[PDB]
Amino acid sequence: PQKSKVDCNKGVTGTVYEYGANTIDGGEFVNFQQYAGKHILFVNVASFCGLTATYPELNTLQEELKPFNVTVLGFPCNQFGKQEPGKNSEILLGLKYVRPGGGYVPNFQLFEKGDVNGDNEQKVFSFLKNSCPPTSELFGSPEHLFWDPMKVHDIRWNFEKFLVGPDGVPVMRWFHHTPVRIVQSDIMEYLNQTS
C-alpha cells in the first residue's frame, strides 16, 4: 500500500552541510550551512507537471512555517517526463507567466536545474536519497524516466520532498503526490514533538 511518508534511516552518514548549489538567479554558490540550524524542505520541481499546480501551496507552507524555523528549497529537474525543458534563465519567467502563471513567484529559493538521479546527480541528492527509504514500491514506467542507471532509492517523480532537521540530518521523505497540506501538518507535528 502507498504510504504518504517514510521516516529516514536511524543512523547518520553525515549532513547536508558539506554540500551546496548555485542559485537559479545569479549562479551564486550557496553552501547549505547558510541554513545551519534550520529545518529545510528540499523539493525537486518542474514546470509542466500536474503537480506544478502545487507551487502556490508550497508558498503557503513556507509562509506559515517561516516563524517556526522552516526554509523551503527548490531544485528544478528535467528527468521526469521532461517536464522542466526551460533553461535556468527561463524557469522563473515560465512560473510567472505560463504555469502557474498569473504572476506567481516562489517565496523560497530555487537553484539551477540539474539531475537528482543517475550518474550526474547532484551530490546532496545522493546523500538525501540514500539516507531514507524510497517513497514507493512502484518504481514507475521507465519510458518517462530519463536517467541511468535505475536504483531502488531513486527519486520517483517531480515534487518528491525531504525534511532535514536542524542538525543537517534527514528526518522524513514524502511521496510526490502527498497533499502539500499534509506535508505542512506533518512538519508541524515533527516540530511540536521535538519541542
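For every residue, the number given is its place in the sequence shown, counted from 1.
Stretch with the higher entry mean CA B-factor, where the candidates are 123-131 and 140-148: Per the PDB entry, the higher value belongs to 140-148.
Mean temperature factor over C-alpha atoms, higher-scoring stretch between 49-57 and 22-30: Higher mean C-alpha B-factor: 22-30.
Where the record places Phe68 (Cα B-factor, split into thirds across the chain): For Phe68, whose C-alpha B-factor we compare with every modelled residue in the chain, the answer is the highest third.
CA B-factor ranking of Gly102, expressed as a third of its chain: Top third by C-alpha B-factor.
Lowest, middle or highest third - CA B-factor, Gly81: Middle third.
CA B-factor placement of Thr178, once the chain's modelled residues are sorted into thirds: Ranked within chain, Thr178 CA B lands in the lowest tercile.
Assigned third (lowest, middle, highest) for the C-alpha B factor of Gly37: Within its chain, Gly37 is a middle-third residue by C-alpha B-factor, going by the deposited values.
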